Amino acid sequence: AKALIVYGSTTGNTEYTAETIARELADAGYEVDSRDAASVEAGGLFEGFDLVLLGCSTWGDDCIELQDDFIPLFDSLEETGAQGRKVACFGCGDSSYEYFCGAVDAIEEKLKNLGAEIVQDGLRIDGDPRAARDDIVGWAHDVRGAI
């Protein structure tokens, strides 16, 4: 089982969430390839992967803005090979704002219109993800559980 985890993180919260998900996946036998969105090119990005998990934090004045390193990948998701792909999404956010982890719905919606098979509701973390450890760990165990 091969997993690709791509994260867009600016203050490291979503990356720490991505490290946590990866440890639980590797702990379970999965060969997990974890890449920072600022380093990938969408072209054929998911090829060869049994499971893709994408994480992205959210920002914006009013509007819902995706983490800047993630925007490029999101703009070209139709080129990543998502058609029929097992996927699920997660991301950190903050309920003080208006659009709680809005980047997650946006990615989910587009993956869905792209034929990807979303295997679990996205994980949305409020505040320090370090205080959400069992939620992350639990969310990865249930996603391995949905495949």
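Residue indices: 1-based, along the sequence shown.
Chemist: Output the stretch having the higher mean C-alpha B factor in the entry; the candidates are 47-55 and 77-85.
Modeler: The stretch with the larger average C-alpha B-factor is 77-85.
Chemist: Tell me which stretch, 87-95 or 110-118, has the higher mean Cα B-factor listed in the entry.
Modeler: The stretch with the larger average C-alpha B-factor is 110-118.
Chemist: Just the C-alpha B-factor column, please: which of 68, 62, 36, 105 has the biggest number?
Modeler: Highest CA B-factor of the listed options: 62.
Chemist: Is the Cα B-factor recorded for residue 3 in the lowest, middle or highest third of its chain?
Modeler: Tercile = middle for this residue's CA B-factor.
Chemist: Within this chain's modelled residues, let me know which third the CA B factor of residue 101 belongs to: lowest, middle or highest.
Modeler: Residue 101: CA B-factor falls in the lowest third of its chain.
Chemist: According to the PDB entry, is the CA B factor of residue 19 in the bottom, middle or top third of its chain, that is, lowest, middle or highest?
Modeler: Middle third - that is where residue 19 ends up once the chain's C-alpha B-factors are sorted.
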